[PDB]
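Trainee: A single structure is presented below for examination.
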Amino acid sequence: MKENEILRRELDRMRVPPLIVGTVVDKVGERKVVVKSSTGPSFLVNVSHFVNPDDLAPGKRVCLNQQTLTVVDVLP
Amino acid sequence: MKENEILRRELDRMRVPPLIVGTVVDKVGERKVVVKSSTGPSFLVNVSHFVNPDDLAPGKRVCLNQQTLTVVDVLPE
Amino acid sequence: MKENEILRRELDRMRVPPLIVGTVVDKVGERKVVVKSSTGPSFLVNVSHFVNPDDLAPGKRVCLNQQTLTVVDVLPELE
Amino acid sequence: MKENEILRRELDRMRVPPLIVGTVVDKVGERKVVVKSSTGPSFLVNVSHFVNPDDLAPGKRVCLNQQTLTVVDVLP
Amino acid sequence: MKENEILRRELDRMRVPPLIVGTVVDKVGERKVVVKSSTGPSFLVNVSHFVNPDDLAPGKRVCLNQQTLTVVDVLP
Amino acid sequence: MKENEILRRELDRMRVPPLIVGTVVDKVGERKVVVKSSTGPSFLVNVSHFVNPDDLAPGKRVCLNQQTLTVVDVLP
């Protein structure tokens, strides 16, 4: 059933855990930044290797992984 | 066969209450939006096919799945 | 009531989870209501079969089960 | 056996510190009250036999068990 | 033995569990006090035997054990 | 011999991200400070040798190990 594949793709999109959004407060190392998590506290976290630290700047909104709170993406 | 039923059953399990009420901050993709959850923090979540992206303007109230925060519905304004 | 029965009643009453108090924002479906929880967030929840959907209206204080947030009881009002 | 003592012992264990401090909003039943927890939200909780319900009244400060918020004591 | 001991003492220090700081609201018993935790809510807690309850006055800051919130020190 | 090397790695594992950001409320000892965590509560924590106690004054933002809240760094 072709219907099943369509339903399964929709379920897959719905089942992926979400990314937490935060705001860059300051870059402190070449691969580390302080982010103010929308969850409330602030953290010093790593920036993943597929994110270019040059694209980060105070006030930039970023996506963090629910484990190490690593920055894994930058929002527009 | 039973596959169609298991999928439909799993799809409905993701949209029955309890759902978290949230607010659309902004669309990011055709099917991704950042939502300010009334639980406090903001998240980048997927927009389910049960929702028409056009109805997702910043400020719009939406229903989020308790486990993934995927947008499963928009609230009656 | 026997003393051991009183004691088991008391233990049961002290061990059951508390109910969260919230305020009905609006009913949005047959047994579905949006509730603003006193804990902060708002949820769209089911209404227990044992609660009378008609006793829910905007502003009504309700009790939510902790695990499912289901409305399982309604608080009395003035008069 | 010691069922009676075992039960009294379990009840005692539930009124030992730390206890959360709350404020009574209103009594709604024989031994049920709504208390606004200092932790933030309001809850409908049971009033233990340790407490004389007559000593409960809106505004009254009370001690709540840390796990179920049952009212186990009244403060001066 | 001398260089290794400096590293071990440092590690020992960094691993001792932290204490929660709160403020005394009021003494309730001989060794019971209500403290407003910086964590948010107010609690009724025990006062450890090595702490002189006489040093506990409303407004005084105290250190609380993480699990029981027992007062284990009164900040000067 | 290389026990030192193993100790050094354990010290370093305590200051790798994610670290919690906090603010020094006041210094209590030469190596202890009360810090207000960005997570809410205030804690009495130890200051690691990775940090110069002279740089810890009320208002300074610091990085706290997520398990012990020990101060492992200061933010410029």
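Going through the structure tokens in order, the chains are called A, B, and so on, while each chain numbers its residues from 1 and the ligands are numbered from 1 in the order shown.
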Which polymer residues have any atom within 8 Å of an atom of residue 60 in chain C, counting only C-alpha atoms, with same-chain residues fewer than 4 positions away left out, as a PyMOL selection string?
Mentor: chain C and resi 23-24+55-56+74-75
Trainee: Which polymer residues have any atom within 6 Å of an atom of range 15-24 of chain B, counting only C-alpha atoms, with same-chain residues fewer than 2 positions away left out, as a list in words?
Mentor: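 Once the adjacent positions are removed, what remains is residues 12, 13, 26, 35, 36, 37, 38, 58, 59, 60, 61, 62, 63, 64, 65 and 66 of chain B; 42, 43, 44, 45 and 46 of chain C.
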Trainee: Please provide as a short mmCIF file (atom, residue, chain, number, x, y, z; two decimals) with C-alpha atoms, in the first residue's frame all residues within 9 Å of range 63-75 of chain E, with the sequence filter that same-chain residues fewer than 3 positions apart are discarded (counting only C-alpha atoms).
Mentor:
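What landed in around_28.cif:
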```
data_model
loop_
_atom_site.label_atom_id
_atom_site.label_comp_id
_atom_site.auth_asym_id
_atom_site.auth_seq_id
_atom_site.Cartn_x
_atom_site.Cartn_y
_atom_site.Cartn_z
CA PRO D 17 11.47 16.93 57.59
CA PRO D 18 12.05 18.28 55.08
CA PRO E 17 28.92 17.79 47.15
CA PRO E 18 27.70 21.41 47.25
CA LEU E 19 25.39 22.94 49.84
CA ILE E 20 22.21 24.88 49.08
CA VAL E 21 22.08 28.39 50.55
CA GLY E 22 18.84 29.61 52.02
CA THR E 23 17.53 32.17 54.46
CA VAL E 33 13.41 25.98 61.27
CA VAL E 35 14.02 28.34 55.60
CA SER E 37 15.45 28.10 49.88
CA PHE E 43 10.67 24.28 53.82
CA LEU E 44 10.51 23.14 57.43
CA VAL E 45 13.82 21.40 58.06
CA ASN E 46 15.91 19.84 60.84
CA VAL E 47 18.96 21.59 62.34
CA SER E 48 21.97 19.29 62.56
CA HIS E 49 23.18 18.53 66.09
CA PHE E 50 26.50 20.28 65.46
CA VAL E 51 24.78 23.58 64.62
CA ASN E 52 23.78 25.84 67.53
CA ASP E 55 22.81 31.16 65.80
CA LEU E 56 19.61 30.88 63.77
CA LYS E 60 20.34 34.71 58.67
CA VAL F 28 33.18 32.83 51.97
CA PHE F 43 25.02 27.14 46.39
CA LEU F 44 28.11 27.14 48.64
#
```
Trainee: Please report the interatomic distance between CA of residue 15 in chain E and CA of residue 41 in chain E in Å with one decimal.
Mentor: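 Taking CA of residue 15 in chain E and CA of residue 41 in chain E, their separation equals 26.8 Å.
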Trainee: Excluding same-chain residues fewer than 3 positions from residue 76 in chain C, what lies within 10 Å of it counting only C-alpha atoms, as a short mmCIF file (atom, residue, chain, number, x, y, z; two decimals) with N, CA, C and O atoms, in the first residue's frame?
Mentor:
```cif
data_model
loop_
_atom_site.label_atom_id
_atom_site.label_comp_id
_atom_site.auth_asym_id
_atom_site.auth_seq_id
_atom_site.Cartn_x
_atom_site.Cartn_y
_atom_site.Cartn_z
N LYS C 60 -13.74 28.13 35.44
CA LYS C 60 -14.02 27.08 36.43
C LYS C 60 -12.70 26.47 36.92
O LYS C 60 -11.82 26.17 36.12
N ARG C 61 -12.54 26.31 38.24
CA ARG C 61 -11.30 25.73 38.76
C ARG C 61 -11.45 24.21 38.72
O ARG C 61 -12.43 23.65 39.19
N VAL C 62 -10.46 23.55 38.14
CA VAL C 62 -10.53 22.11 38.02
C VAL C 62 -9.30 21.45 38.59
O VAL C 62 -8.28 22.11 38.80
N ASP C 73 -11.76 16.30 38.43
CA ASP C 73 -12.65 16.86 39.43
C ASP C 73 -12.76 18.36 39.25
O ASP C 73 -11.89 18.99 38.64
N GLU C 79 -21.21 30.32 47.37
CA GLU C 79 -22.65 30.14 47.57
C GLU C 79 -23.07 28.67 47.51
O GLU C 79 -23.85 28.31 46.59
N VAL D 28 -12.22 22.15 51.09
CA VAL D 28 -13.30 21.84 50.16
C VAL D 28 -14.04 20.57 50.53
O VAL D 28 -15.09 20.28 49.97
N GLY D 29 -13.51 19.82 51.47
CA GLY D 29 -14.15 18.60 51.89
C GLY D 29 -13.78 18.30 53.32
O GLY D 29 -13.10 19.10 53.97
#
```
Trainee: Which of range 12-73 of chain F counts as strand (DSSP E) under DSSP, as a ChimeraX atom specification please?
Mentor: /F:19-27,32-37,42-46,61-64,71-73
Trainee: Please, which residues of chain F, numbered as in this document, come out helix (DSSP H, G or I) from DSSP, as a PyMOL selection string?
Mentor: chain F and resi 3-13+53-55
